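Spelled out from the first residue to the last, the chains are:
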Amino acid sequence: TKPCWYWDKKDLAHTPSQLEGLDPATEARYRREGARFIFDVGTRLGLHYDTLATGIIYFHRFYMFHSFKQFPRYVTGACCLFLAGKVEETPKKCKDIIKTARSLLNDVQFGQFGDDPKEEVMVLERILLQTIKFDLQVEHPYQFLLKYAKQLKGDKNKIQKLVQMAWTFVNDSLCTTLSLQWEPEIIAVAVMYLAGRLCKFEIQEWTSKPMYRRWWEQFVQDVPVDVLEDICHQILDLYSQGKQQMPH
Amino acid sequence: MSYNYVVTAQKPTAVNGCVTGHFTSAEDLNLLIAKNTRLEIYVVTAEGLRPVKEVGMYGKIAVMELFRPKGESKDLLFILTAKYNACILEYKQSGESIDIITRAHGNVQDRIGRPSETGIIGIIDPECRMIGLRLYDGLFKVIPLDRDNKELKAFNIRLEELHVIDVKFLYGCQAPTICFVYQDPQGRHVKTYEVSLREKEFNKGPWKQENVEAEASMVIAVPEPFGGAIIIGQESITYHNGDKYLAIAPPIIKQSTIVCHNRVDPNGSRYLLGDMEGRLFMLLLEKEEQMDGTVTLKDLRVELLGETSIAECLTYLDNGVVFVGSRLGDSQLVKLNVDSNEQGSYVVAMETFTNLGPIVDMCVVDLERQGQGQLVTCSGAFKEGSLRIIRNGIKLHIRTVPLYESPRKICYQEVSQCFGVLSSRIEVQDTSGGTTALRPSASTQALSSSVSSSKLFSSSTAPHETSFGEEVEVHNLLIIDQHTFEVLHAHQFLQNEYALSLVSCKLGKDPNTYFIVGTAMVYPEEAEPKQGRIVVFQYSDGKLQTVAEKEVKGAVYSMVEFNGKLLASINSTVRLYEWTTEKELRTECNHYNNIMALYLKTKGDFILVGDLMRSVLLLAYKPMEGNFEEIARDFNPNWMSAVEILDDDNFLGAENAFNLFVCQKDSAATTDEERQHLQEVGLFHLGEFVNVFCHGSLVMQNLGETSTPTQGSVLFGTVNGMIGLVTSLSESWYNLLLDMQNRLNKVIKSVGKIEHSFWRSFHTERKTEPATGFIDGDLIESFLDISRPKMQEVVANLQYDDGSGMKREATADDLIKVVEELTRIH
Amino acid sequence: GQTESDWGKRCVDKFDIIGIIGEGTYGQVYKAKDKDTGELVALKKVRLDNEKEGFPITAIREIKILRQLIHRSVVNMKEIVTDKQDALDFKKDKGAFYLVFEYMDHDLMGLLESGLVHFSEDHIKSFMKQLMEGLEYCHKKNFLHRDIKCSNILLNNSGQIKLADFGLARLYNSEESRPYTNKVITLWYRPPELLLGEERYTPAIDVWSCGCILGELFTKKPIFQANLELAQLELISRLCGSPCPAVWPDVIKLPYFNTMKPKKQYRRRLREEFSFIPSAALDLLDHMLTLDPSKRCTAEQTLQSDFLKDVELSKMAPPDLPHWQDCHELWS
Ligand SMILES: Cn1cc(-n2cnc3c(NCc4nc5cc(Cl)c(Cl)cc5[nH]4)nc(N4CCOCC4)nc32)cn1
């Protein structure tokens, strides 16, 4: 019916980028660069948050089938955001995205677009649609983070601090391969799980089963704690690596 | 009964080992490079290497180590050959005459013992107290380094652990201590023992055994400052010393297997590592020193420096240069820079040493109708794969055509002014479900390209499952121009299809000249391939067209043109196809009495079959009946590597034990049993692994008939890059040249005092026989280098066949003319 | 009737000769395929042309001895075929006879001499138990093969072992002491009693040869390799100890005892030089290579050993033969 868009962590060592000589650190860097590029460009254009993530997920899935060396990262990222705009019904003209790209890219980085930046992007749309198998509908952990928080009852200010901090973790998780590792529902629970430990919150108390120590089960079934700890470990790797500190 | 003559045209070029030390003098830093049976002595300078001496040894150099005992001015050299000849050598220079002195010599072969799996290992104690040899399973041989042990006598200490992977003499131990990784059914472990020359037995080792990686490869003796050892594996590098245990597991080294190592800093702070993909790593040893009372290892680090040639041995010299000794490609001198280049690599190549590497196939072609002839070889493997064009140069001129993939078989088609080359590249299962190549090669960078659209195997109910990270071989047929050597076209065969044989010829009454490839469907579940294709191509107007396909039930290991019919070997079957007027192949007759019909040669209606076992078979196509007929077979079992037809009665073959032999039909006897018995009449230990025999010669060919002492010309290429020549002699010339060998052997002093007859003696693990029917031409051509007093010793009492019908004694100058005429065959 | 009861009446025309495979005891061995059944069979020729003594007596022995022997580990002579029978007059027939054996896949010689095969401990147990079960059967029937060599040891790809050539086979009787030919086993497998000139020998001559094969499966190299009988006795003395009246009381009776003296009076170094062999097999090898044939173990005693007593023939662990695409050139 629908294609599978999820791999295992061990499979990332065999991406077309890895197999062409790129080291694991460079592909992860190229992914964060492309993710933040799609994030910053669409933010400058005033785009909805679902449109940003949809293009980022298109971007992440694209370089599971192709190599970063053969397709320029910033040329591909612009095409994903352009397609994501028409997909999520928040469209922008291709010339408007190119204009924003020149603002945020230096002379070296913008050279990927070649002599005709618009044509290099419009051309890549055919390969993008074929690579993503025309599976345009993509859901994101944001709607699940909100669907689960409404079922929480208690201190409104404590729950609101939990949501924004988890929402920050979802924005940061876009820079990672987590979008490909796990379904969006599990990611929304893991960011609740991480923000609960940092904020010292007992999330089980706000649920309909205040005693259910596995508070996550009432939201997403069949989720071991090993997965939640694994996702939390990946998100916090960005904070310790970069210059940003944990929200807390 | 048969008489042959073998000379070396090109010395072995593949570097089998390389070491750094102080052999010539205590001040100079020498780089002793070891190729097969050859020892090169160089002097390291600021500009590169300065040659000083090159010597030949009567044995395949297996172990080569430099040591300096107490009281010696410069380092001495210890060498153990493949035939277990051990010796200790010293450098002596009297002005311009440089000679190598054999201080000690002996044979350390045991009468009873199972040869180990990981090969001969040679280690020397840091205190130079003993030489440690691992020659057999469960046995550790110790040669005590006493000043009077000139015969190199040795005793064996029983070893509990039978299956050992690698062993080294440890540093920083009170008593001489060995550290080894062994493999038992409980995995692999590392253990230690103390060697006692007084007791001649093992004592308990310093630190205990621990369970290590299942693919533990090498042991690295960390020097005195850090102490202990480092164990290299496939995914983890571990350091063990006393109670200290360290384990690093970087994700980069999992991609390719590490095979070699070398120390940069003598204190052991920095180490070199190399992969199968040419990647170069650096192993860093962090120090924790506090008034020197600790100097323990804080942590270990590995960093990727760049890409070198696939090296068998690495050695760091001085001024930042490293010699990359390669067996699969060209050896190089590389510069290690502190600065990364524009690509992020810290390695820059200084010089390139041409290495013919593995010569898998080769063909002699007179491209320029000069009468000289050129040899185009398939050389190298993986990234070092290339084509080499060799010609006589008025030394030798070799042109390299890099392919960046493994070449397989080569054939020339003058009708298209191009070559046919079978090649294979390695791609890895990516995340998209398909495969992605690591590097571009000739099959991908072809001008035009095509892929076989055959459905001959249809679904063959075999949709094997592929997991991510599994290597796959992609076989292609390359069309290469004869002038530019540009990849004109590349035909990619079916999935999981290996290209094994390649021929260019016309068939039947069809005037078009075709390229024919024999293939096989290779799956890991199959012990012997049960599917295959014989496909016929026609190269016309720069594009290859699929003419016809024939399905076979096995592997097409070899094909050859037989009187306009195609003779092909399919697994145990040797089949003859006919080229019908419908442009399709049709089976005529079969032969089945084989195990694995590998190498094929034909001459008229005669057929020489080279099987995996037992040896060589003669098949004759009988046109009256239309079926094959066995004439005679060599009944002594041999593992064949290449066969060749010398004449209608002599046959030449090469076995996996580095031995050449010559069979002959028992004349035309009256008994049916005598005729059917191919008798081995020639035996000779070559020392090289022959892959391809080829008729031809690179010397100028004079259509004028000249009564030359040699008749015929057969060239062969080897794994170590050595190219030789085989030719037949008359009985008068054989006895004349053979008598010179016995005179030359008594005169010439060999390195390590190795008997020449012992070296050239036919040698397998089970039988050892003296050489017969072969004249070591490398020994005969050395007559032009011995001093004049030694020439008179050779020509003394020697009776020649001067003129016509007279047995007059030869002058020494008469022998110089004979050898100089034999030097003109190459 | 039928069922291979009537012999000599079938002709060799029913067999198509594939080719010659090797040299046998008295004549060379050829391989063929039956036209009717399609089975691969091994044939061996008997001339019968020598009107000196007519039918060869060494062939009569192999025909007489082999028709009595039936075992899973012994090559069974299938039938006997003849050449074309000339005319109505039995006087004009100069045709020869052919012995029809069962054809096996490989020979131990070709497998070991090529160096391709590898024998694990479980393979040697499957090998030696079948080898000793067949030898025990023939020794119980009082027959001596006297030519135990790797060329007469045949193997199928299933793992079944069979002994082949019985042309040099004779009958043994302990009561009747009849002199036989002193030199009969290949020098590398000849027992020390035969080197010293024993003409009336025991069935332990095959036990010594098979003992040299047992050790040959662990080293893949023959133990004692010499070109002369005295040099062969020296290699045996360097390992098993010099033949002396202390360990061999009946050595003095042997004629060449004073003639063929070893270099030294060596001590037994068999367990020392074979320390890498498993303990179960070293005890078996030590007894099989015992100098005194009266102290040498029998075929039944080898089957009652920790190395072979509990081995099951249902497994038949076949010896590893190399495959292909991972061999030659740089492949693996
Ligand atoms: C008395 N007797 C013999 C058999 N007997 C059955 N099977 C074989 C067999 N099968 C392997 C084999 N080796 C071959 C070599 C060649 Cl060159 C060819 Cl073409 C085909 C081959 N097949 N070998 C032999 N040997 C006889 C003597 O010397 C060497 C081997 N005897 C065999 C049955 N009774």
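## Details of the UniProt feature "active site" in chain C
All names here are of chain C. The UniProt record marks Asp147 with the feature "active site", using the residue numbering of this structure. Within the fold, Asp147 resides in the loop between strand 8 (143–144) and strand 9 (153–155). Residue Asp147 is classed as buried on the basis of its relative accessible area, which comes to 6%. Not counting residues up to four positions away in its chain, the partners in contact with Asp147 are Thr25, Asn152, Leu168, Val184, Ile185 and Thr186.

## Topic: the pattern of salt bridges
Taken as a whole, this structure holds 86 salt bridges over all chains when the rule is applied. Its salt-bridge partner being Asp648 of chain B, residue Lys603 of chain B comes within 2.7 Å of it at the nearest N-O pair. Of the two residues, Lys603 of chain B is situated in strand 49 (residues 597–603) and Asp648 of chain B in the loop between strand 53 (640–645) and strand 54 (650–655); the sequence distance between them amounts to 45 residues. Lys603 of chain B sits in the partly exposed class, given a relative accessible area of 35%. Several salt bridges share partner residues, and in doing so they unite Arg111 of chain B together with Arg267, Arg269, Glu272 and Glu273 of chain C into one network.

## Focus: the domain arrangement of chain A
Residues and elements named next belong to chain A. Each assigned domain of chain A is listed with its residue range as follows: domain 1 (3–137) and domain 2 (138–240). Measuring from the centre of the C-alpha atoms in domain 1 to the corresponding centre in domain 2 gives 26 Å. At the interface, 24 residues of domain 1 touch 20 residues of domain 2. For the pairing of domain 1 and domain 2, the buried interface totals around 1,900 Å² over both sides, and the portion due to carbon and sulfur atoms is 67%. Connecting domain 1 to domain 2 are two salt bridges. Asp172 is the salt-bridge partner of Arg36, the closest N and O atoms lying 3.2 Å from each other. Where domain 1 meets domain 2, there are eight residue pairs in polar contact. When residues of the side of domain 1 that touches domain 2 are traced back to their parent elements, those giving at least two are helix 1 (24–44) and helix 2 (49–62). If you tally residues by element for the side of domain 1 that touches domain 2, the top one is helix 2, at nine residues.

## Re the interface of chain A and chain B
Residue-level contacts link 11 residues of chain A with 12 residues of chain B. For the pair chain A and chain B, the summed buried surface comes to about 970 Å²; carbon and sulfur atoms form 64% of the total. One can count zero salt bridges joining chain A with chain B. For the interface between chain A and chain B, the tally reads three residue pairs in polar contact. Partitioning the side of chain A that touches chain B into residue classes produces six nonpolar, three polar and two charged.

## Examining the packing of aromatic side chains
All names here are of chain A. The final tally for this structure, using the stated rule, is 44 aromatic pairs over all chains. Taking the centre distance of 4.6 Å and the plane angle of 15° together, the rings of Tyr148 and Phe219 count as stacked. With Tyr148 in helix 7 (residues 141–149) and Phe219 in the loop between helix 10 (184–198) and helix 11 (225–241), this pair connects stretches of sequence that are 71 residues apart. Like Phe219, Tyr148 is buried. Counting every residue linked through ring pairs, the aromatic cluster contains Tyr30, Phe59, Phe62, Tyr63, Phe68 and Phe71.

## Thoughts on the nonpolar core
With 115 residues, the main nonpolar core has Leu108, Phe127, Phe224 and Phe274 of chain C as its most contacted residues. Excluding anything up to four places from it in sequence, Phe274 of chain C contacts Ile112 of chain B together with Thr219, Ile223, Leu239, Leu282 and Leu285 of chain C. Formed by 82 residues, the second largest nonpolar core is a distinct cluster that contains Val121, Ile132, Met165 and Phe169 of chain A.

## Re the sheet that holds strand 2 (residues 15–23) of chain C
Residue and element names in this part refer to chain C. The six strands lie next to each other as 1-5-6-4-3-2, forming an open sheet whose pairing is mixed. The open sheet is flanked by strand 1 (10–11) and strand 2, the only strands paired with a single partner. Two strands pair when backbone bridges link them, and strand 5 (residues 77–82) and strand 6 (residues 97–102) are joined in this way by five bridges, in the antiparallel orientation. The residue bridging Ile80 from the neighbouring strand is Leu99, located in strand 6.

## Looking at the interface of chain B and chain C
Counting from both sides, the interface comprises 47 residues of chain B and, opposite them, 45 residues of chain C. Its largest share of buried area at the contact with chain C, chain B owes to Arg111, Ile112 and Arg766 of chain B, together 23% of the area lost on that side. Between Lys45 of chain C and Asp672 of chain B there is a salt bridge, with its nearest N and O atoms 3.8 Å apart. Summed over the shared surface of chain B and chain C, the number is 15 residue pairs in polar contact. Every element with two or more residues in the side of chain B that touches chain C is listed here: strand 41 (497–505), strand 49, strand 52 (627–634) and helix 1 (672–675) of chain B. Here the residues of the side of chain B that touches chain C sort into 23 nonpolar, eight polar and 16 charged.

## Topic: the state of the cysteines
Residue and element names in this part refer to chain B. Inspection of every chain in the model, using the stated rule, returns one disulfide over all chains. With no disulfide of its own, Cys411 lies closest to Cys363 among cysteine sulfurs, the gap being 6.6 Å. What makes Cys411 buried here is its relative accessible area of 14%.

## Examining the pairing of strand 16 (residues 187–196) of chain B
Residues and elements named next belong to chain B. Burial within strand 16 is extensive, with seven of its 10 residues counted as buried. Strand direction decides the pairing type here: strand 15 (residues 177–184) and strand 16, joined by eight bridges, are antiparallel. Within strand 16, the residue paired with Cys179 across the bridge is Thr192. What sits between the antiparallel neighbours strand 15 and strand 16 is a turn of two residues. Both strand 16 and strand 17 (residues 201–204) contribute to a ladder of four bridges, which runs antiparallel. Bridge pairing in strand 17 places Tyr193 opposite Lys204. Taken together, strand 16 and the strand that follows it, strand 17, pair antiparallel across an intervening segment of four residues, in which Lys200 is found at a positive phi of about 55°.

## A few points about helix 5 (residues 204–219) of chain C
A rise of 1.5 Å per residue sets the reference length of helix 5 of chain C, with its 16 residues, at 22 Å; its end C-alpha atoms lie 23 Å apart and thus fit the reference within 8%. Immediately beyond the C-terminal end of helix 5 of chain C, within one or two residues, lies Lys220 of chain C, with a positive phi of roughly 60°.

## Examining the site of the ligand
Around the ligand lies a shell of 20 residues, among which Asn593 and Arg633 of chain B together with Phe101, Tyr103 and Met104 of chain C are the nearest. Those residues lying near the ligand are distributed over chains B and C. Separating a nitrogen atom of the ligand from a side-chain N or O atom of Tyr103 of chain C is a distance of 3.1 Å. One of the backbone nitrogen or oxygen atoms of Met104 of chain C is found 3.0 Å away from a nitrogen atom of the ligand. Out of a free accessible area of 710 Å², the ligand has 96% covered by protein chains. The greatest single-element share of the shell around the ligand, amounting to four residues, is contributed by strand 2 of chain C. A per-class count over the shell around the ligand returns 10 nonpolar, four polar and six charged.

## Quick word on the packing of helix 1 of chain A against helix 3 (residues 73–87) of chain A
Residue and element names in this part refer to chain A. Running from amino to carboxyl end, helix 1 crosses helix 3 at an angle of 45°, the nearest separation of the two axes being 9 Å. In terms of orientation, helix 1 and helix 3 fall into the oblique class. For the element pair helix 1 and helix 3, the recorded crossing hand is right-handed. Here helix 1 contributes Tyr30, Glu33, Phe37, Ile38, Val41 and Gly42 to the contact with helix 3, which in turn contributes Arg73, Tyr74, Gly77, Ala78, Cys80 and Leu81. Residue composition of the contact of helix 1 with helix 3, grouped by class: eight nonpolar, two polar and two charged.

Calculation notes
- Residues numbered from 1 in each chain as written, not as in the entry; some residues may be left out.
- Chains lettered and ligands numbered in written order.
- Part of a larger assembly, values for the part shown.
- Heavy atoms only, no water.
- UniProt positions renumbered as here; feature names shortened; annotations may be inferred.
- Helix = DSSP H or I, 4+ residues; strand = E, 2+ residues; numbered from the N terminus.
- Buried < 20%, exposed > 50% of the residue type's maximum accessible area, 1.4 Å probe, protein only.
- Contact = heavy atoms within 4.5 Å.
- Salt bridge = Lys/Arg side-chain N within 4 Å of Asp/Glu carboxyl O.
- Domains from an automatic or database assignment.
- Buried area = accessible area lost by both parts, 1.4 Å probe.
- Polar contact = N/O pair within 3.5 Å; in protein donor to acceptor, adjacent residues only side chain to side chain.
- Nonpolar A, V, L, I, M, F, W, Y, C, P; charged D, E, K, R; others polar.
- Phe/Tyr/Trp six-rings, centres within 6.5 Å; stacked < 30°, edge-to-face > 60°.
- Core = buried A, V, L, I, M, F, W, Y, C linked by side-chain atoms within 4.5 Å.
- Pairing = 2+ DSSP bridges.
- Disulfide = S-S within 2.5 Å.
- Expected span 1.5 Å × (residues − 1).
- Near = heavy atom within 4 Å.
- Areas by Shrake-Rupley, 256 points an atom, 1.4 Å probe, with all protein chains shown as cover.
- Axes fitted to C-alpha atoms, helices over the stretch in contact; angles between N-to-C directions.
- Parallel < 35°, antiparallel > 145°, perpendicular 65-115°, else oblique.
- Left-handed = near helix turned anticlockwise from the far one by under 90°.

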